[PDB]
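Next comes input-v8.cif, a file with mmCIF, N, CA and C atoms.
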data_model
#
loop_
_atom_site.label_atom_id
_atom_site.label_comp_id
_atom_site.auth_asym_id
_atom_site.auth_seq_id
_atom_site.Cartn_x
_atom_site.Cartn_y
_atom_site.Cartn_z
N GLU A 1 -10.81 11.45 1.47
CA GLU A 1 -10.93 10.09 0.99
C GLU A 1 -9.79 9.77 0.01
N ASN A 2 -9.59 8.48 -0.21
CA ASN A 2 -8.55 8.03 -1.12
C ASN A 2 -8.43 6.50 -1.04
N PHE A 3 -8.38 5.89 -2.22
CA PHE A 3 -8.27 4.44 -2.30
C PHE A 3 -7.49 4.02 -3.55
N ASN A 4 -6.18 3.90 -3.38
CA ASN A 4 -5.32 3.51 -4.48
C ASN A 4 -4.85 2.07 -4.26
N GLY A 5 -5.81 1.17 -4.15
CA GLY A 5 -5.51 -0.23 -3.93
C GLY A 5 -5.91 -0.67 -2.53
N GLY A 6 -5.64 0.20 -1.57
CA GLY A 6 -5.97 -0.09 -0.18
C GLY A 6 -4.73 0.05 0.71
N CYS A 7 -4.07 1.19 0.58
CA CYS A 7 -2.88 1.46 1.37
C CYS A 7 -3.12 2.72 2.19
N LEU A 8 -2.11 3.09 2.96
CA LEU A 8 -2.20 4.28 3.80
C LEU A 8 -1.92 5.52 2.95
N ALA A 9 -0.77 5.51 2.30
CA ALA A 9 -0.38 6.62 1.45
C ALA A 9 1.13 6.57 1.20
N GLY A 10 1.49 6.01 0.05
CA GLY A 10 2.89 5.89 -0.31
C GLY A 10 3.28 4.42 -0.48
N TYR A 11 2.67 3.58 0.34
CA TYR A 11 2.95 2.16 0.30
C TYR A 11 2.49 1.55 -1.03
N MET A 12 3.10 0.42 -1.37
CA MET A 12 2.76 -0.27 -2.60
C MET A 12 2.16 -1.65 -2.31
N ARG A 13 1.48 -2.19 -3.32
CA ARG A 13 0.86 -3.49 -3.18
C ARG A 13 1.75 -4.57 -3.82
N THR A 14 2.43 -5.31 -2.96
CA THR A 14 3.31 -6.37 -3.43
C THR A 14 2.51 -7.46 -4.13
N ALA A 15 3.17 -8.58 -4.37
CA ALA A 15 2.53 -9.71 -5.03
C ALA A 15 1.79 -10.56 -3.99
N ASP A 16 1.74 -10.03 -2.78
CA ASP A 16 1.06 -10.72 -1.69
C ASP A 16 -0.16 -9.92 -1.26
N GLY A 17 -0.16 -8.65 -1.64
CA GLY A 17 -1.27 -7.77 -1.30
C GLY A 17 -0.96 -6.97 -0.03
N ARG A 18 0.25 -7.17 0.48
CA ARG A 18 0.68 -6.48 1.68
C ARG A 18 1.23 -5.09 1.33
N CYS A 19 0.50 -4.08 1.77
CA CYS A 19 0.90 -2.70 1.50
C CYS A 19 2.29 -2.49 2.10
N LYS A 20 3.29 -2.55 1.24
CA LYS A 20 4.67 -2.37 1.67
C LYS A 20 5.10 -0.93 1.38
N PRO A 21 6.31 -0.58 1.88
CA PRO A 21 6.85 0.76 1.68
C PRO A 21 7.35 0.94 0.25
N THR A 22 7.13 2.14 -0.27
CA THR A 22 7.56 2.46 -1.62
C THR A 22 8.76 3.40 -1.60
N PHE A 23 9.29 3.60 -0.40
CA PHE A 23 10.44 4.47 -0.23
C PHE A 23 11.42 4.32 -1.40
#
As structure tokens - that is how I would like this structure written.
Amino acid sequence: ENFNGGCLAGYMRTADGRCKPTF
């Protein structure tokens, strides 16, 4: 389990809520 906002793993939550890449 894991819930850091609601992403897959590594992605970030923009100002839109769209789990984007954190590369």
request  = Report as an MDAnalysis selection string: the residues of chain A with a DSSP assignment of strand (DSSP E or B), based on the backbone of this structure.
outcome  = chainID A and resid 12:13 19:20
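Applied to the file shown here, the PyMOL selection byres (((chain A and resi 11 and name CA) around 8) and name CA) selects the residues residues 7, 8, 9, 10, 12, 13, 19, 20, 21, 22 and 23 of chain A.
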task = Rounded to one decimal place, report the atom C of residue 1 of chain A-atom C of residue 16 of chain A distance in Å.
result = 22.0 Å
query = Quick one: distance from atom N of residue 15 of chain A to atom N of residue 2 of chain A in Å, one decimal?
reply =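 It comes out at 21.7 Å.
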query = What is the distance between atom N of residue 18 of chain A and atom N of residue 3 of chain A, in Å to one decimal?
reply = 15.9 Å
Take segment 6-20 of chain A, bring it up to N, CA, C and O atoms, and give me the output as a short mmCIF file (atom, residue, chain, number, x, y, z; two decimals), in the frame of the given file.
data_model
loop_
_atom_site.label_atom_id
_atom_site.label_comp_id
_atom_site.auth_asym_id
_atom_site.auth_seq_id
_atom_site.Cartn_x
_atom_site.Cartn_y
_atom_site.Cartn_z
N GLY A 6 -5.64 0.20 -1.57
CA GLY A 6 -5.97 -0.09 -0.18
C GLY A 6 -4.73 0.05 0.71
O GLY A 6 -4.41 -0.86 1.48
N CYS A 7 -4.07 1.19 0.58
CA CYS A 7 -2.88 1.46 1.37
C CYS A 7 -3.12 2.72 2.19
O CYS A 7 -4.19 3.32 2.12
N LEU A 8 -2.11 3.09 2.96
CA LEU A 8 -2.20 4.28 3.80
C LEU A 8 -1.92 5.52 2.95
O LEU A 8 -2.74 6.44 2.91
N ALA A 9 -0.77 5.51 2.30
CA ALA A 9 -0.38 6.62 1.45
C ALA A 9 1.13 6.57 1.20
O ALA A 9 1.92 7.01 2.04
N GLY A 10 1.49 6.01 0.05
CA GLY A 10 2.89 5.89 -0.31
C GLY A 10 3.28 4.42 -0.48
O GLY A 10 4.12 4.09 -1.32
N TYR A 11 2.67 3.58 0.34
CA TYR A 11 2.95 2.16 0.30
C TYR A 11 2.49 1.55 -1.03
O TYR A 11 1.62 2.10 -1.70
N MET A 12 3.10 0.42 -1.37
CA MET A 12 2.76 -0.27 -2.60
C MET A 12 2.16 -1.65 -2.31
O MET A 12 2.33 -2.18 -1.22
N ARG A 13 1.48 -2.19 -3.32
CA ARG A 13 0.86 -3.49 -3.18
C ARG A 13 1.75 -4.57 -3.82
O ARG A 13 1.79 -4.70 -5.04
N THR A 14 2.43 -5.31 -2.96
CA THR A 14 3.31 -6.37 -3.43
C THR A 14 2.51 -7.46 -4.13
O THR A 14 1.33 -7.27 -4.44
N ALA A 15 3.17 -8.58 -4.37
CA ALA A 15 2.53 -9.71 -5.03
C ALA A 15 1.79 -10.56 -3.99
O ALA A 15 1.31 -11.64 -4.31
N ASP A 16 1.74 -10.03 -2.78
CA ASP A 16 1.06 -10.72 -1.69
C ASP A 16 -0.16 -9.92 -1.26
O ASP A 16 -1.06 -10.45 -0.61
N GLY A 17 -0.16 -8.65 -1.64
CA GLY A 17 -1.27 -7.77 -1.30
C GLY A 17 -0.96 -6.97 -0.03
O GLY A 17 -1.80 -6.20 0.45
N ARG A 18 0.25 -7.17 0.48
CA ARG A 18 0.68 -6.48 1.68
C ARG A 18 1.23 -5.09 1.33
O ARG A 18 2.27 -4.98 0.69
N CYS A 19 0.50 -4.08 1.77
CA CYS A 19 0.90 -2.70 1.50
C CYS A 19 2.29 -2.49 2.10
O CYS A 19 2.42 -2.27 3.31
N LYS A 20 3.29 -2.55 1.24
CA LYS A 20 4.67 -2.37 1.67
C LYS A 20 5.10 -0.93 1.38
O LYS A 20 4.36 -0.17 0.74
#
